[PDB]
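Single-letter residue listing:
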Amino acid sequence: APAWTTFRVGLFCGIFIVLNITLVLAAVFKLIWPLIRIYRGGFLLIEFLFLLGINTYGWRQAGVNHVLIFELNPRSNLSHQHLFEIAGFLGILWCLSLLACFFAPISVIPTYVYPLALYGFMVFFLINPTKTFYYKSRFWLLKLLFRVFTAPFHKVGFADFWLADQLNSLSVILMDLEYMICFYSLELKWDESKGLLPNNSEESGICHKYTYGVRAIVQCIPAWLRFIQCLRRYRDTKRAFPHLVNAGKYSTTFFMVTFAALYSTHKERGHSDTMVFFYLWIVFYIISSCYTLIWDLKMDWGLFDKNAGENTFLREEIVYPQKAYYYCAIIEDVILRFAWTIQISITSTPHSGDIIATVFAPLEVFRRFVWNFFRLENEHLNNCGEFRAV
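The rules we used
Within each chain the first residue of the written sequence is number 1 and the count goes on from 1 in that order, possibly differing from the entry; residues lacking coordinates are omitted. As a rule here, side-chain values come from all non-hydrogen atoms in the structure, and water together with hydrogens is ignored. Residues with missing side-chain atoms are left out of burial classes, side-chain pairs and their counts. For helices the rule is a DSSP run of H or I covering at least 4 residues; for strands it is a run of E covering at least 2, with both sets numbered from the N terminus onward. Each radius of gyration is computed over the set of C-alpha atoms, and the globule rule expresses the reference value as 2.2 Å times the number of residues to the power 0.38. Count a disulfide wherever a pair of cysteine sulfur atoms falls within 2.5 Å. For every residue, the accessible area obtained with a 1.4 Å probe (protein chains only) is divided by the maximum for its type, and the residue is called buried under 20%, exposed over 50%, and partly exposed between those limits. UniProt positions are given in the numbering used here, feature names are shortened, and annotations may be inferred rather than shown by experiment. Contacts are assigned to residue pairs that have any heavy atoms within 4.5 Å of one another. As used in this record, nonpolar core signifies buried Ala, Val, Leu, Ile, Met, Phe, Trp, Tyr and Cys residues forming a set joined through side-chain atoms within 4.5 Å. Patch membership requires more than 30% relative accessible area and the absence of a salt bridge. Residues of like charge join within 9 Å; the nonpolar side chains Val, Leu, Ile, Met, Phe, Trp and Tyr join within 5 Å. Accessible surface is estimated by sampling points in the Shrake-Rupley manner with a 1.4 Å probe; for residues, cover comes only from the protein chains shown. Take a side-chain nitrogen of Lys or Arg and a carboxyl oxygen of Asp or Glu: if they are within 4 Å of each other, that pair is a salt bridge. Lines fitted to C-alpha atoms define the axes here, with helix axes fitted over just the stretch in contact, and angles between the N-to-C directions of these axes take values from 0 to 180 degrees. What sets the label is the angle itself: under 35 degrees gives roughly parallel, over 145 gives roughly antiparallel, 65 to 115 gives roughly perpendicular, and the rest give oblique. Handedness of a crossing is defined here by the sense of rotation of the near helix relative to the far one, left-handed for an anticlockwise turn of less than a right angle and right-handed for a clockwise turn. Note on residue categories: nonpolar means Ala, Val, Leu, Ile, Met, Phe, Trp, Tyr, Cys or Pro, charged means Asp, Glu, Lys or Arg, and polar means any other residue, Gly included. Expected helix span is given by 1.5 Å per residue-to-residue step, counting one fewer step than there are residues. Classification of ring pairs rests on two measures: the distance between centres of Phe, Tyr or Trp rings, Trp counted by its six-membered ring, which must be within 6.5 Å, and the angle between planes, read as stacked under 30 degrees, edge-to-face over 60 and tilted in between. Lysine NZ or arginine CZ positioned within 6 Å of the ring centre and within 35 degrees of the ring normal marks a charge as sitting over the ring.

Method of determination, as given in the entry header: cryo-EM; reported resolution: 3.61 Å.

**Section: the overall build of the protein**
Scanning the protein from N- to C-terminus turns up 14 helices and zero strands. Along the protein, helices and strands appear, N-terminal first, in the series α-α-α-α-α-α-α-α-α-α-α-α-α-α. By the compact-globule yardstick of 21 Å for 390 residues, the protein fits well, its C-alpha radius of gyration being 23 Å. Counting only C-alpha atoms and orienting by the principal axes, one finds that the protein spans roughly 65 × 65 × 40 Å.

**Looking at the state of the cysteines**
Here the structure, examined in full by the defined rule, presents one disulfide. At a sulfur-sulfur separation of 2.0 Å, the disulfide partner of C182 is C207. Taking the torsion about the sulfur-sulfur bond, which here is approximately -80°, the covalent link between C182 and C207 counts as left-handed. You can see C182 sitting in helix α8 (residues 172-185) and its partner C207 sitting in the loop between α8 and α9 (214-237), a full 25 residues away along the chain. Each member of the pair, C182 together with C207, is buried. Considering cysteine sulfurs only, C13 is the nearest to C95, which forms no disulfide, with 11 Å between them.

**So, the UniProt feature "intramembrane region" in the protein**
This chain's UniProt record puts "intramembrane region" on residues 133-150. With 83% helix and 0% strand, residues 133-150 has end C-alpha atoms that lie 27 Å from one another.

**Observations concerning the UniProt feature "binding site: phosphate" in the protein**
Taking the numbering used here, the UniProt-annotated feature "binding site: phosphate" corresponds to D165, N168, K249, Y250, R337, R367 and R368. Locating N168 in the fold gives a position in helix α7 (residues 158-169). The class of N168 is partly exposed, set by a relative accessible area of 38%. Not counting the four nearest positions on each side in its chain, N168 is found in contact with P222, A223 and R368.

**A look at the nonpolar core**
In this structure, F158, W162, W301, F374 and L376 are the most contacted members of the largest nonpolar core, which totals 36 residues. Secondary-structure elements contributing two or more residues to this core are α2 (33-62), α6 (135-149), α7, α11 (275-300), α12 (323-337) and α14 (354-382). The residues touching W162, leaving out its near neighbours within four places in the chain, are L52, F70, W371, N372 and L376. Counting residues in hydrophobic clusters, the runner-up holds 23 residues, among them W94, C101, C182 and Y184.

**Let's talk about a nonpolar patch on the surface**
On the surface, a cluster of nonpolar side chains totalling about 700 Å² of accessible area is made up of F89, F121, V123, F124, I127, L142, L145 and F149. Sort the elements by how many residues they give to the nonpolar patch and helix α5 (residues 113-127) lands first, with four residues. Its location among the elements puts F149 in helix α6.

**Details of the packing of α2 against α14**
Where α2 meets α14, the closest approach of the two axes is 10 Å, and the angle between their N-to-C directions is 15°. For the element pair α2 / α14, the angle class is roughly parallel. As α2 packs across α14, the resulting crossing turns out to be right-handed. Touching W33, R37, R40, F43, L44, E47, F48, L51, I54, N55, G58 and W59 of α2 are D354, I355, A357, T358, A361, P362, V365, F366, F369, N372, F373 and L376, all from α14. When its residues are assigned to classes, the contact of α2 with α14 shows 16 nonpolar, four polar and four charged.

**Details of the pattern of salt bridges**
Evaluation of the coordinates by the stated rule reveals five salt bridges. Residue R8 pairs with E85 through a salt bridge whose shortest N-O separation is 3.4 Å. Exposure remark for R8: the relative accessible area of 38% places this residue in the partly exposed category. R226 is the partner of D165 in a salt bridge, and the nearest nitrogen-oxygen pair spans 3.2 Å. Remark: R226 occurs in helix α9 and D165 occurs in helix α7; sequence separation between them is 61 residues. The exposure class assigned to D165 is buried, which follows from its relative accessible area of 8%.

**Remarks on the environment of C207**
Exposure remark for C207: the relative accessible area of 6% places this residue in the buried category. C-alpha separation for the pair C207 and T341, spaced 134 residues apart in sequence, amounts to 26 Å.

**Here we look at helix α1 (residues 3-29)**
Compared with an ideal rise of 1.5 Å per residue, which puts 27 residues at 39 Å, α1 spans 40 Å between its outermost C-alpha atoms and is within 8% of the ideal. Every buried residue of α1 is listed here: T5, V9, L19, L23 and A26. Considering only its buried residues, α1 is in contact with α4 (80-102).

**Structural notes on the packing of aromatic side chains**
Under the counting rule described, the total for this entry stands at 31 aromatic pairs. Note on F158 and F161: the rings are 5.0 Å apart at their centroids and 70° apart in plane angle, and the pair reads as edge-to-face. Taken together, the residues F158 and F161, both in helix α7 and three residues apart, mark about one turn of the helix. A relative accessible area of 4% places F161 in the buried class. Each member of the aromatic cluster is reached from another via a ring pair, and the members are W301, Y320, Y326, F366, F369, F373 and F374. Sitting over the ring of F125, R138 keeps its end group 5.7 Å from the ring centre.

Spelled out as structure tokens, the structure:
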């Protein structure tokens, strides 16, 4: 951690902190869903990166050889410091973009320019053609990212899977992107400066609707990747218990989205005995929520084992020093997996649910944040997933 490196982390954080309060005061004291949706994607991304940085700190302190497990060069290079740094800069940009949108200083530049600008720079940074800005790391990411979407045609590895799972948790952004593209193209008034009140984005909210179920498909995209990948491994090993079963777990997503998806279109059409679908949806969802949970506590974290005479409900050997964290995680995971039950009850209670979706999404990423710790620990201790080492 070069002295200057630490200094940058503080400086970037400092600007970010004084600003994040600015926008809050701005709205309450100084003068809409499209904008909320459009910018929601960015936040999750930055928040995600920051939490991952914390994870890196953790895996180290404990002693997890994150390098060997993720099969990397001995120099990690991207230490927590550097990770907290990258997030800092993106944070500043996002904050500036959102704020600028609130106000309107230029008087010639249209508002719809700012949002795109925000994402444009992000794309470039990663694809920087020049050898600047952690060029060594940004390239690694780009390479593996490809392998992910080409898994049926690429041999599997831990990094190829880990990334896949993280993607599963971060899905709203994908969906958001879709909304952004669709928004402008249809019913967006390229003429009006504000461009935030066309058809009140209500009837024209078709972009977030399910006429083509575009959102439905994009929502399943995260799952498809892992699912096909799992079958690929099964083919690699010819036959397997751990694999096939795992694939099925992801498969439940398909049935769920499908029934729920059909549900909404039928309701719009006057139902014509569409009540039956509303039952299946909930039914399958329960199966989905439960299927994962059991896998998480047993297959993934590796808890509830016979050997631990010393520790109740936990494995024989633990590495995170306070036993309390493990117990807390188990309760938290259950609540997070079954979070939608709260949402469904509150749906009955104008733009309802929209807020519910928003509030739940940061928590979803936090669940993954907690999950990372344990999954890596298990991998280090027992080669728990299908054995890649040796």
